[PDB]
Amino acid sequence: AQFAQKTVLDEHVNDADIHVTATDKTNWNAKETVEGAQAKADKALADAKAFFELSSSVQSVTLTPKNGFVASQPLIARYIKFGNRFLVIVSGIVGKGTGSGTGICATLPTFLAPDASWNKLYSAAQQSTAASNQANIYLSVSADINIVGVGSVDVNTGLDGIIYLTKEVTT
């Protein structure tokens, strides 16, 4: 019936506070959702778990017997990353073979060299029911496994007690 005042329409039309722009609505429609933010956080967690499993998995290398020794059991060094070092756990049993039963029976790779300034000394069992058949084994700074004393040169010697850490070297 009655007509609207131009002033009232004008004030409404010029009230920018109660209207929007087309570009505003595109901006707001594109904002992140709670489900999208949670998916990204879930993926960060999954990536973290995968990185941890990778970092903490056990690695292995096979060692070749030297100086006439034989690998009566396969000579295997297993190792685990801890920070920028490795924990190295040797395994296997060496036999006299054609050598003397003494001396260097195997050498580990250079990246498994021990953190040490001279030989490290290990007590090892020999494969024997006589408890006097044990060994004094040196692990050298270049990672030679050097059998220095044995109860008997004719009895096999175990390497399963040789465990050590490497130097602080980025990897």
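Counting begins at 1, following the sequence as shown.
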Using the B-factors recorded in the PDB entry, average over the C-alpha atoms of 121-129 and of 65-73, then report which stretch comes out higher. 65-73
Mean C-alpha B factor from the entry: is it higher for 84-92 or for 97-105? 97-105
Just grab whichever of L159, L9, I163, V150 has the top CA B-factor as deposited. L9
Residue set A135, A46, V58, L139, per-entry CA B-factor max assigned to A46
Going by the recorded CA B-factors, say which third of the chain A50 sits in, lowest, middle or highest. highest
Chain thirds of CA B-factor: placement of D115: lowest
Ranked against its chain, the third holding the CA B-factor of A41: middle
